[PDB]
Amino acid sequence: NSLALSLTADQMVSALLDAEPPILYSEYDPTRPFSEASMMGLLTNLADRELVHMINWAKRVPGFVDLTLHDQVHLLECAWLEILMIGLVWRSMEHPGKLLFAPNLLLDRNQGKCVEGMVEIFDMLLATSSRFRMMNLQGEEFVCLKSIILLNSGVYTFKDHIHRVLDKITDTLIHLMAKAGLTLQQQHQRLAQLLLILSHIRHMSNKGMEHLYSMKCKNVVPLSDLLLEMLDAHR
């Protein structure tokens, strides 16, 4: 009953590429260095604005529209930080040693020390971005991975329809690797390598969620009502 299952692999790729959200900018104030309140303000303001575009992207992910409102809410509440972080890691891939939060907000690990307890998260994010660069991750592979996160991360906290869509995304990832000229063995090895990184992305989100929770409790930064609700979903 879902249109997503009749899509071919090329149609799935084209749908995800067309769904991509825009790259937002940070505020243009050149005042350096950042304080802890200043940097957490920039990072949360950017994340808050990116969340609006994520909702639009998610509704364009094949199969997401066929879910009920409650199921859509659940998947997004579960994966929202994972989704921002894989996009961040993707944007930073061509910038070794740096995190491109935005085109005018390119930070290194030392600037991660501007906020207490974030340098550990910066390092994990940087190691993930380097891993993607060393794998020569392609944009077509990236959009498949980000969609997998959306559909999978909350699927075992509720499913048949979702699992069939996830299967469709796996076929699409394999088809891209076959199209690049990989052997069958190289195809499943690479598929495993990418999916295992999603375990690390989940770890980074969980650490980032506890870090964001502490910033709210420590009243470091004003968090938007949207962010407070997305954060409150993780208890």
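C-alpha atoms forming the largest set that superposes within 1.5 Å between two forms make up the rigid core. Note that residue numbering begins at 1 and tracks the sequence as displayed.
**Q** With the rigid core held as the alignment frame, decide whether 14-22 or 207-215 lies farther from the shown form in 8 other deposited structures of this protein, in terms of RMS C-alpha distance.
**A** The answer is 207-215, which departs more from the shown form in 8 other deposited structures of this protein.
**Q** At least a third of the other compared entries lacking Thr157?
**A** In at least a third of the comparable entries (those modelling both sides of it), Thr157 has no coordinates.
**Q** Compare the other PDB entries of this protein and indicate whether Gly41 is left unmodelled in at least a third of them.
**A** Per the records, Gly41 is modelled in all the other entries.
**Q** What number of residues from the deposited sequence go unmodelled in the gap from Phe158 to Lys159, classed as none, 1 to 3, 4 to 9, or 10 or more?
**A** Unresolved stretch here: 10 or more residues.
**Q** Which is higher on average in the deposited entry, the C-alpha temperature factors of 33-41 or of 188-196?
**A** Averaging CA B-factors over each stretch, the winner is 33-41.
**Q** Given the B-factors recorded for C-alpha atoms, which segment has the greater mean, 53-61 or 24-32?
**A** Higher mean C-alpha B-factor in the PDB entry: 24-32.
**Q** At the C-alpha atoms, which of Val89, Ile149, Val143, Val115 reaches the highest B-factor in this entry?
**A** Across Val89, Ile149, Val143, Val115, the entry lists the biggest C-alpha B-factor for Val115.
**Q** Of the choices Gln138, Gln72, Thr128, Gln111, which one's C-alpha carries the largest B-factor in the record?
**A** Of the candidates given, the C-alpha B-factor peaks at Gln111.
**Q** What third of the chain, by the recorded C-alpha B-factor, contains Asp48?
**A** CA B-factor rank for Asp48: middle third.
**Q** What third of its chain, lowest, middle or highest, does the C-alpha temperature factor of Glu210 fall into?
**A** Answer is middle: the recorded C-alpha B-factor places it there.
**Q** Give the position of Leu106 by CA B-factor within its chain, expressed as the lowest, middle or highest third.
**A** It belongs to the highest third of the chain when residues are ordered by C-alpha B-factor.
**Q** Which third of the chain does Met85 land in by C-alpha B-factor: lowest, middle or highest?
**A** As the PDB entry reports it, the C-alpha B-factor of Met85 lands in the lowest third of its chain.
**Q** Give the position of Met124 by CA B-factor within its chain, expressed as the lowest, middle or highest third.
**A** Middle third by C-alpha B-factor.
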